[PDB]
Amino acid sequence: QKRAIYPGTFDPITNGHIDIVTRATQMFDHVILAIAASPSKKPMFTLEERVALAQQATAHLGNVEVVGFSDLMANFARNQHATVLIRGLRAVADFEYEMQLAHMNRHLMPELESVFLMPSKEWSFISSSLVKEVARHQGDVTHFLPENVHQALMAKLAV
C-alpha cells in the first residue's frame, strides 16, 4: 500500500539513520532507503560502499529496500510511486533547512508528503559529518555506528 522514501547521502549510515528508518518501517508498508549517488561534497565512501553498508545494516528490517539514485530526489520519488517522504528531525537548525526543502519538494511534487520523525535522545546530537570528523582525528565513534560500518570506517581511515 503506502510507499515511503527516506533519502540522504548516508556517508556513512549512522545509528541515527537506523533509528529513523526503523521508526518509518513501523509506520509504512514499504520504505525505500534512497542513497544519493553523486553529492557535490565528495563523499567519504563510494555509492556502492554506502549502498552495501546500508543494506547490511538494515537487512533485519523486512520492508526496507536500499537503492541508489542520482536524479533530483523528487524526480526519483515520483518514478518510484512514493507518496511519503521521511525526514529525520534533530535540532532547530536542521528544522529551518528542512522547512525550505519540504516546501520546495511540495512545489516539485505535491503528491509527495513530507513527514518528520524524531530520533531517540541518544542520537539527537550526532551527524555523519561530526562522526567522520571525530574518527578522522582519532576519536572513538564506535557507539554511533552499526558494527559493519565501524569496521569499514576503520579500514577507510587506516589507508
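For clarity, a rigid core is taken as the largest C-alpha set superposing within 1.5 Å between two forms. One rule holds for the numbers: they count along the sequence shown, beginning at 1.
Core fit done; bigger CA RMS in 8 other deposited structures of this protein for 91-99 or for 106-114?
-> After superposing on the rigid core, the more displaced stretch in 8 other deposited structures of this protein is 91-99.
Between stretches 132-140 and 10-18, more displaced by Cα RMS in 8 other deposited structures of this protein (rigid core superposition) | After the core superposition, the stretch with higher RMS deviation in 8 other deposited structures of this protein is 132-140.
Between 42-50 and 107-115, which has the larger average Cα B-factor in the PDB entry?
-> Looking at the record's C-alpha B-factors, the answer is 42-50.
Identify the stretch, either 147-155 or 15-23, whose C-alpha atoms have the larger mean B-factor according to the entry.
-> Averaging CA B-factors over each stretch, the winner is 147-155.
Of the options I32, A91, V134, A102, which has the highest CA B factor as deposited?
-> Within the set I32, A91, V134, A102, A91 shows the top C-alpha B-factor.
Comparing against every modelled residue in the chain, figure out the third that the C-alpha B-factor of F69 lands in (lowest, middle or highest).
-> Middle third, going by the recorded CA B-factors of the chain.
Record-listed C-alpha B factor of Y97: chain third | Within its chain, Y97 is a highest-third residue by C-alpha B-factor, going by the deposited values.
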